[PDB]
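Step one of this worksheet: look at the structure below.
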Ligand SMILES: *[C@@H]1O[C@H](CO)[C@@H](O[C@@H]2O[C@H](CO)[C@@H](O)[C@H](O)[C@H]2NC(C)=O)[C@H](O)[C@H]1NC(C)=O
Ligand SMILES: CC(C)CCC[C@@H](C)[C@H]1CC[C@H]2[C@@H]3CC=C4C[C@@H](O)CC[C@]4(C)[C@H]3CC[C@]12C
Ligand SMILES: *[C@@H]1O[C@H](CO)[C@@H](O)[C@H](O)[C@H]1NC(C)=O
Ligand SMILES: [K+]
Ligand SMILES: [Mg+2]
Ligand SMILES: [Tl+]
Ligand SMILES: [Tl+]
């Protein structure tokens, strides 16, 4: 033929069949032992998610949400993702004492449901009403963005203490139980309005620590609705929403490390 | 074009002096007119040689920039700029990826260009050396007056004059001469002075006395002649053009390189476009379809391989430089290993090029002297009183002297003023009797008759050094038979005795044997003149026989020859044991050529020519079956009337071939004949008459000390110490580097698979990219470099000089067996070890292997800063990318770890590491430096930006260890099978 | 610890780099030693 005879062509096939078969069987074996060394409830390493990311619902083309108020299908793209998220926070999804629980309607302290063990059933998560998100189809004019803190197993988000000076200096400082979120731009051509649990501009600490998908399915993380009823129009406004805390940090590279990058433009 | 120049020349030495003048419109006495000479100048053109048109270095460099790998790397470099252009227009990408990767790849092409350019070097100044043989000026007779003119202004027809010490300015017809002798070594390779006279003495113009040639010099006397040829039209000017004009051609090693380039280029374009369409079918945007292709290019092309080859060659050439063997062309480092036929000059190559005493006949006994340079033999006789009598004649009846200031150099190497035979005798006595000058001071010469054409003897009368005599001793030497007709007694073991027919017959026997050995034989005799008949003041007349020259006492015979170099016989046998055919090709006479052939082992004992059979059986040569003769001796005059097909039959039908009295073109023809049969041929030589053959040879080797400038220009290799044993070393080195290149190539190729497979699974699996493009270049250009080079220092696995020369048609540098092992077996195991570490990193950070399938869509989505892992955690864009790049880093390090084992297995093709050992210090160096480089690239701060290399946790380093070990075991088991059964299965499938 | 389990999300990449570079250097020196056993 090309290389060899039929007899040789066969033998080279019988070899590579057994050979690659063995190699596949060995590869699988090493994957088995790897998995055997891992927990079902907690990942081996968590230093790469460490400082929590802050992500929002409006799917930004490039950290930007520009549209026209005087146009219907101009914002119907951002309403798709906005709906996708809030559709999960339905009351019909949170039914019965299992696996949900009614928690303080005001920001409270942490809740420990034991260890990362299966020695108990599904760890009961705090309910969250999308109805706590006042004012927010969504904002056809002047968007109503929804913030979110990235989930990390066993992470206890710790707010800053009012020992020294603060950006939003001491205003509504629920020091003990709220992780604040203050959006900014100089360039003050807007109108910041925050909505959340208990009416505070933060995340209620009663939703922590997260016990993971395996130990807490259907779990709901707290949301923080933000509305920009800015009196300006037809210009790119670089708005940055920042979260503050002891366990919260940022990076010049990762522009989502505990903060937002939104470029709103109501070009109408 | 040069087929005309490969033919024997035609001449006009047969014409009379007068007749020759009519042909050139010339005067025998007055010479040309100033006006007629200038007319002929403009007519024929200058008496000069024009160098052939060369290829500029520009085109030579750029021709390498387009050879398979460079072509693919160019397509990659441009395709980078393509994707970059498409980006800069569509979505403003502030990145530098495609732009920088395009710059990097273009640089890789340029630098790789320098390496191949350095390897494909051609240092040739043939025509320049020939031009150096034309004198600046010549002496001509114009308008009846002699004047010096620019030699280029010399034309056919003018009257030229030459004298001892000057170069022949052009081909001349001798019309007048006085004691003129010439050095025709340019045409023959033999430096013994040849007389020139107006008389025609041979039909063959290269042998007649009435022609003098350009490229030669007058050694003594004076001559006048008419110019018959000028410039390019001279006999050796044509040889110049032939030699300088010959197409170089591709080396065996070069052909091998291009061959695997085709193979690897083939699989590259195959998988390249095979997966380019496979991606579009899967619905991949052309934006991405090209990005994957660039990666495929980088994965398939072994970026550092061609440069490795060059470095391995260079390092092998450095070792040979350290044995006095200079390599002018890097590729010639290997040709000697692939050589199946050596065509060797005799004089100054196989031989020392110096008349040396070989045997002596005295006391009715043949004695042998030591002919070797360094005198590696033993003594023959010292005791016999006869010896001292013969020794005295050899010293006394000798007019040769050592040049001043030689006392530092060895006797046999020092320059001597005199003819070759007298120098030989001088050096013979000086060696075994001490200072000859002393013997010539103790015995003052009073009268002598120098060797005469008519007398055929030379005699001398000396004052006997003996005090009790202080009388007159007569000594003489000459033609053995002439000396015999002048002897009455023979000095036997001390005492004289009558010359009976018995001893006279033993003389003839001794004389015939020595002459049969191709040796020049001389007779020696002396006579103690009677005291009473010769007073202490008796005057001797040299002009008229004033003393007896008959009834003298015969002392002995001495024989001499230009002997082989000490190492030559043994080197010839070694070449022949390695299955290399050795042919002699010489301008010298057949009797001498044949005798040295037997001396060095070109013709082995018992082997006969058709002429030998005929003489032994006493029958006509036509009655001899030529197939009964494995040896042959072909004279150039017969070679001339043979067609190439008939030359091919001679080459095919004889194992032991001697081509004697060959011209320079004839040497070229013999070389081409050998090549025509498909053989790789080496030429060894030292003369300008070797230049065409040396050029045409696959590898030409010139002698460094004895070699002429031309020969060393025409060669690929120079033996700087004239050590012929270096050929044996060269062939051995050549074979070793050929095997080691295979090892180094397999090693380099093996790591291509773990660079290809990640890109494929990226498409077919939709998982995060396991390894990056930059990461690949860190391997092929970084870590693999020193290890790959180090394989060039591997010792032989067996006695390589015991095997036959490779068949260049069947035995390739890269074959299917190499690809099967490197791509199909070992590289495949490396790929898995890479993937394993990849799955380990991701799974330990929260992304278990199961959830990875079909996630790249969301993984690469820059706007999703919340991807969910297996444990329900959310990752931003840059966070997961850090883990991904950490995966690139550990996959990279996994390659390094699996290359550890590969380096050790590529060490040997057959033998076990437990047999070959770990005595390669460069290899071990490679292991340490490779690992140091990898660690540095991972842990050095800032490398995460420039190369996207991230720090690895200690446990990460050990992921591929079980795969590294399986490689070592697998290959060790496999080679154990090879050795345990030379049959073929494992052998014919995987044996590189 | 409980709410004070910050060490769980921390890794000393600084020490690892220091050690990694020490090792790389020493492997580089060791290599020179073995190579220079004859040049
Ligand atoms: C989650 O809540 C949303 C609230 O808008 C539900 O949307 C409803 O969709 C139905 C049918 O398309 C409409 O008739 C209603 O007007 C919507 N709102 C309400 C309050 O009922 C959505 O269907 C819910 N999703 C799930 C899975 O239950
Ligand atoms: C990533 C995976 C799926 C690709 C696997 C590719 C396999 C099938 C390839 C890789 C190397 C290949 C072999 C390389 C060498 C030879 C020897 C030659 O004389 C005949 C073909 C043969 C035997 C090839 C057959 C196919 C082969 C085994
Ligand atoms: C939000 O909606 C409420 C009614 O639910 C209305 O009273 C109020 O004006 C709205 N706020 C703004 C800022 O438009
Ligand atoms: K050559
Ligand atoms: Mg010679
Ligand atoms: Tl490569
Ligand atoms: Tl490679």
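All of this is worked out from the model, or read from it or from the source named; none is laboratory data. Virtual Cβ from ideal backbone geometry, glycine too; neighbours counted across all protein chains shown.
Return the total of residues in segment B:374-390 being within 30 Å of residue B:597 (Cα to Cα) and either in contact with a helix residue (DSSP H, G or I) (Cβ under 6 Å, 6 or more places away or on another chain) or surrounded by 23 or more Cβ atoms within 10 Å (Cβ to Cβ) (or both).
Result for segment B:374-390: 1.
So, residue A:198, is that one surrounded by fewer than 23 Cβ atoms within 10 Å (Cβ to Cβ), touching a helix residue (DSSP H, G or I) at 6+ places or on another chain (Cβ under 9 Å) and away from chain B (no Cβ under 14 Å) or not?
Yes: the conditions hold for residue A:198.
Does residue A:62 fit the bill of being away from ligand 1 (no atom under 16 Å from the Cβ), away from chain B (no Cβ under 14 Å) and outside any strand (DSSP E or B)?
no
Select from segment B:844-869 the residues that are surrounded by fewer than 21 Cβ atoms within 10 Å (Cβ to Cβ), within 9 Å of another protein chain (Cβ to nearest Cβ) and out of contact with any strand residue (DSSP E or B) (no Cβ under 7 Å at 6 or more places or on another chain) and list them in ascending order.
B:844, B:848, B:849, B:862, B:863, B:864
Exactly one condition in (1) crowded, with 17+ Cβ neighbours inside 10 Å; (2) touching a strand residue (DSSP E or B) at 6+ places or on another chain (Cβ under 7 Å); (3) away from chain B (no Cβ under 14 Å) is false for residue A:167; which is it?
(1)
Among what's in segment A:27-36 and is more than 7 Å from chain B (Cβ to nearest Cβ) and surrounded by 11 or more Cβ atoms within 10 Å (Cβ to Cβ), pick the residue that is nearest to residue B:967 (Cα to Cα).
Out of the qualifying residues, it is A:29.
Could you tell me how many of the residues in segment A:75-100 are surrounded by 13 or more Cβ atoms within 10 Å (Cβ to Cβ) and more than 30 Å from residue A:264 (Cα to Cα)?
Number of matching residues: 3.
Does residue A:175 satisfy the condition of being away from ligand 7 (no atom under 16 Å from the Cβ), more than 24 Å from the chain's Cα centre (by Cα), away from chain B (no Cβ under 14 Å) and surrounded by fewer than 18 Cβ atoms within 10 Å (Cβ to Cβ)?
Taking the combined requirement at face value, the residue does not satisfy it.
For segment B:811-850, enumerate the residues that are within 21 Å of residue A:213 (Cα to Cα) and assigned to a helix (DSSP H, G or I).
B:839, B:840, B:841, B:842, B:843, B:844, B:849, B:850
Answer with yes or no whether residue B:186 is crowded, with 22+ Cβ neighbours inside 10 Å and not in a loop (DSSP other than H, G, I, E, B).
Judged against the criteria, residue B:186 is a match.
List every residue pair whose Cβ atoms lie under 7 Å apart, where the two residues are 6 or more positions apart in sequence or sit on different chains, the first residue falls within segment B:285-304 and is more than 14 Å from residue B:763 (Cβ to Cβ), and the second residue, located anywhere, is more than 16 Å from ligand 3 (Cβ to nearest atom) and outside any helix (DSSP H, G or I).
B:300/B:752; B:302/B:752; B:304/B:784
Read through the list (1) over 23 Å from residue B:844 (Cβ atoms); (2) assigned to a loop (DSSP other than H, G, I, E, B); (3) within 13 Å of another protein chain (Cβ to nearest Cβ), then give the number of the only condition that residue B:911 fails.
Exception for residue B:911: condition (3).
With the structure loaded, tell me whether residue B:926 is crowded, with 24+ Cβ neighbours inside 10 Å and more than 13 Å from chain A (Cβ to nearest Cβ) or whether it fails that test.
yes
Please tell me if residue B:52 is outside any helix (DSSP H, G or I), outside the structural domain of residue B:332 (by CATH) and farther than 30 Å from residue B:261 by Cα.
When the stated conditions are applied, residue B:52 passes them.
Residues checked against (1) part of a helix (DSSP H, G or I); (2) more than 25 Å from residue B:194 (Cα to Cα):
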{"residue": "B:377", "(1), (2)": "no, yes"}
{"residue": "B:380", "(1), (2)": "no, yes"}
{"residue": "B:406", "(1), (2)": "no, yes"}
{"residue": "B:423", "(1), (2)": "yes, no"}
{"residue": "B:426", "(1), (2)": "yes, no"}
{"residue": "B:447", "(1), (2)": "no, yes"}
{"residue": "B:454", "(1), (2)": "no, no"}
{"residue": "B:458", "(1), (2)": "no, no"}
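Do any helices (runs of 4 or more DSSP H) entirely within segment B:598-703 hold 2 or more residues that are within 16 Å of ligand 4 (Cβ to nearest atom) and within 30 Å of residue B:202 (Cβ to Cβ), and if so, which?
B:664-676, B:691-696
Within segment B:295-317, can one find any residue that is at negative phi and under 14 Å from the mean Cα position of the chain (by Cα)?
Yes, there is a match, as at least one residue in segment B:295-317 is at negative phi and under 14 Å from the mean Cα position of the chain (by Cα).
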